[PDB]
């Protein structure tokens, strides 16, 4: 790779390495409960062995219908360790949408919990249902499994909206992001990282593995904490959280003077205004992160430090091992200042859309610039600036 990363390693392999180096460090926090890296890893291994016994294997797609919680993360890690990929199904989606995802994904096994069992019943799911807080796992072996794995194996299928489509992401993209987070944000095991997004929104993937592939601690925010801006600020300050990713629409309601310990604020998913950036960029490192679900994150713009106010907010430059092409309708490259479609190549590109071969071929085209690879057509309008940053301009 152009930029070094842990090539050849799976997500759970990278997590296991952190658990070996930082066994007694806090890995995950939810309300009054927490687990160390060693405890989290052992519990994930016990559940992974149960999942293997039930038949989970390479490119098994496993539904997860759970409340955000420590146990939710145990389940994700266990699916990966068993060799499968997870499909997160937010339990607050409407019943019609849950049923569509279950049917489209063709998953034969759904991981849930006692408080969600009735919803699994009421959506009519006829596959295998594992109620995790009814399974007896404590007696199972806790060592790592070392199942066969390749970086090109599926890691997760996340649905977006035509009809919702299951976007298929492999391990390699997240391995590259481990290296990106450590190089570009300087993430270390000392960091304390909040988890804000729904597990059905791929921001949550970034947040979870930003912590757990670096030895840092992951603080899963409760619904009560998110629902009250003052409670959110108090939680971040009392727990001395150092990194958080937010929608700009949430950030606009927060008070910088009430957050004590953040060193990085990332916004993602929509544009931040220049006045919002100006309000935060001198209190901490403000980062605008852009990307489609089809590659998680594609570009970032960190507001340059110790500079006067900005009047606009670029989406920045491609992250490591990722390439941006701004092209016309004939996929020809445009010069600086010309508006065109933002297209993406790189190690984090999705495999495509689950059981949508024509749509996949339409959106993941042959990369004209790198023979043998694919390039994703985002439908986003953009242009280059002469300083080499990109301006997001809306939809084509």
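Residue numbers count along the first chain shown, from 1.
Per the record, residue 118 and residue 119 are directly connected, with no deposited-sequence residue omitted between them. Higher average CA B factor: 133-141, of the stretches 133-141 and 147-155.
For the pair 162-170 and 291-299, the mean B factor over Cα atoms is greater in 162-170. Highest C-alpha temperature factor among 318, 314, 256, 248 per the entry: 256. As recorded in the PDB entry, 227 shows the highest C-alpha B-factor of the residues 263, 227, 192, 81. In this PDB entry, the Cα temperature factor of residue 306 sits in the top third of its chain's modelled residues, the highest group. Ranked by C-alpha B-factor against the other modelled residues of its chain, residue 36 falls in the lowest third. Remark: residue 202 belongs to the lowest third of its chain, ranked by C-alpha B-factor as recorded. Residue 72: CA B factor in the middle third of modelled residues in this chain (values from the PDB entry). Ranked by C-alpha B-factor against the other modelled residues of its chain, residue 281 falls in the middle third.
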